[PDB]
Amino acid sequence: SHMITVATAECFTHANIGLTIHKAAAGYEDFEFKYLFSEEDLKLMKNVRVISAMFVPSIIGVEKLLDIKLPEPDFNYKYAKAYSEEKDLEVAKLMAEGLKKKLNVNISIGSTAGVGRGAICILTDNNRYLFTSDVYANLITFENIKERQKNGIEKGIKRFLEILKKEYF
């Protein structure tokens, strides 16, 4: 017997998907994305616990923490280390999978966004859900970065809850 455990390794989303899931689970009355959760969602959230929520903007950093090897970035300059959308998808997956092996949680989440719509991977005991944000942006030129970040957090949380209710309840 245990709780439904979750951990996250996030880049463009700033650990906000895992921080939000934690505040919801911990019964906070106020938090930025609380409007995403119904009354019933918040009840179910009482059964959830965040084990870690990590902001990981370093390739070497996350490789050392999660024992994983990431692909070479498509843009490799230092006001511009960035993956294309295809490798962002691959990276969100390798991080989710590495976290799940590191921490043995029920649900792990990876997020990364370079050039394109970015990538979130939610991996559970049952299935893997991989998706982009709805917002094209460009880390190297700074176009639409803010809007992509916000949409990534909202979509990641929205999908997390659908998945949680589907598989665990």
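One rule holds for the numbers: they count along the sequence shown, beginning at 1.
K.L.:
According to the deposited model, is the average Cα temperature factor higher in 160-168 or in 3-11?
P.N.:
Between 3-11 and 160-168, it is 160-168 that shows the higher mean C-alpha B-factor.
K.L.:
Mean C-alpha B factor from the entry: is it higher for 106-114 or for 131-139?
P.N.:
Stretch with the higher mean C-alpha B-factor: 131-139.
K.L.:
What's the residue among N47, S52, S38, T124 with the greatest CA temperature factor in the PDB record?
P.N.:
Out of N47, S52, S38, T124, the record gives the largest C-alpha B-factor to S38.
K.L.:
Mind checking which third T20 falls in for C-alpha B-factor across the chain?
P.N.:
According to the entry, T20 has a C-alpha B-factor in the chain's lowest third.
K.L.:
Taking the chain's C-alpha temperature factors as the reference, tell me which third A80 falls into: lowest, middle or highest.
P.N.:
For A80, whose C-alpha B-factor we compare with every modelled residue in the chain, the answer is the highest third.
K.L.:
Taking only the Cα B-factors deposited for this chain, tell me whether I120 sits in the lowest, middle or highest third.
P.N.:
Lowest third, going by the recorded CA B-factors of the chain.
K.L.:
Sorting the chain's CA B-factors, does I68 end up in the lowest, middle or highest third?
P.N.:
Middle third of the chain for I68's C-alpha B-factor.
K.L.:
When the deposited Cα B-factors of this chain's modelled residues are ordered and cut into thirds, is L42 in the lowest, the middle or the highest one?
P.N.:
According to the entry, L42 has a C-alpha B-factor in the chain's highest third.
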